[PDB]
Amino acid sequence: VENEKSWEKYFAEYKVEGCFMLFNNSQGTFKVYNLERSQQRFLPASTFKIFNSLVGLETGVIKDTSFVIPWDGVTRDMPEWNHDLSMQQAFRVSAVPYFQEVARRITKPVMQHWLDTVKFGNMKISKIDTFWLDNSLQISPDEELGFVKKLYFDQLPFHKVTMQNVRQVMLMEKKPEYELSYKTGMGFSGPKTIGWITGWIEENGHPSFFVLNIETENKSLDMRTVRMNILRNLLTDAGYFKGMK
């Protein structure tokens, strides 16, 4: 493991605390900023949709990536959530209502069984449709890095079509130089706002796995824009987006 202390520049630019892990599969390099935070547990927020999609697909609750769960009629603060959405659309716009219904149909005993089997974080469930948002369930950046690595190499106890379907919906950005896959997360822990971006970038068929985790107590901070600028600056400094990796 290589401590990359110079990456603090991109966390001090926005006055947030954070950590970044980057595992280059081809080179075998493992670069981490803020190693102590990499071992700390936080609520997963919307990054749990990766796990929720796998279980939903594996148990048959979600037929495929086009499966539609209609809008429950409750107007919410995100306009993109107020529509009948397929699983692929809901995953990419991070539509919590869709996956709350998915968790309800999976039911808590089955959900608990898959958490103990995979050993996902602290494996704790509060309520069936809130436990990934209410700080009951927690998982460390290190544990999420190992999870998405196992997902990429079909090393999870799911069927290969299940895992293939989840990898495909994660594809967010495709250029001739690279392909970028991730799931974002944003949750609250008391006065703190926690931000996640977890996924991988592929250039010339070589994957590099990454987990970004930051926090701020500034209520005014545009977490959505900040997490993405920090990610792009970290990957640019690491030499990505040119097709040379």
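Note that residue numbering follows the sequence shown and begins at 1.
Look up the CA B-factors in the entry and say which stretch, 108 to 116 or 82 to 90, has the higher mean.
-> Here the higher of the two C-alpha B-factor means belongs to 108 to 116.
Looking at the entry, does 69 to 77 or 96 to 104 show the higher mean C-alpha B-factor?
-> Looking at the recorded C-alpha B-factors, 69 to 77 comes out higher on average.
Which of these has the highest Cα B-factor in the record: 191, 199, 205, 44?
-> Max CA B-factor in the entry, restricted to 191, 199, 205, 44: 191.
Of 27, 34, 184, 213, which one's C-alpha B factor is largest in the deposited record?
-> Answer, based on the entry's C-alpha B-factors: 27.
What third of the chain, by the recorded C-alpha B-factor, contains residue 174?
-> Its C-alpha B-factor, which the entry lists for residue 174, ranks in the middle third among residues of this chain.
C-alpha B factor of residue 235, ranked within the chain: lowest, middle or highest third?
-> As the PDB entry reports it, the C-alpha B-factor of residue 235 lands in the middle third of its chain.
Hey, what third does residue 20 fall into on Cα B-factor, ranked over its chain?
-> It falls in the bottom third of the chain.
Looking at the C-alpha B-factor of residue 220, is it in the lowest, middle or highest third of its chain?
-> Answer is highest: the recorded C-alpha B-factor places it there.
C-alpha B factor of residue 137, ranked within the chain: lowest, middle or highest third?
-> Answer is middle: the recorded C-alpha B-factor places it there.
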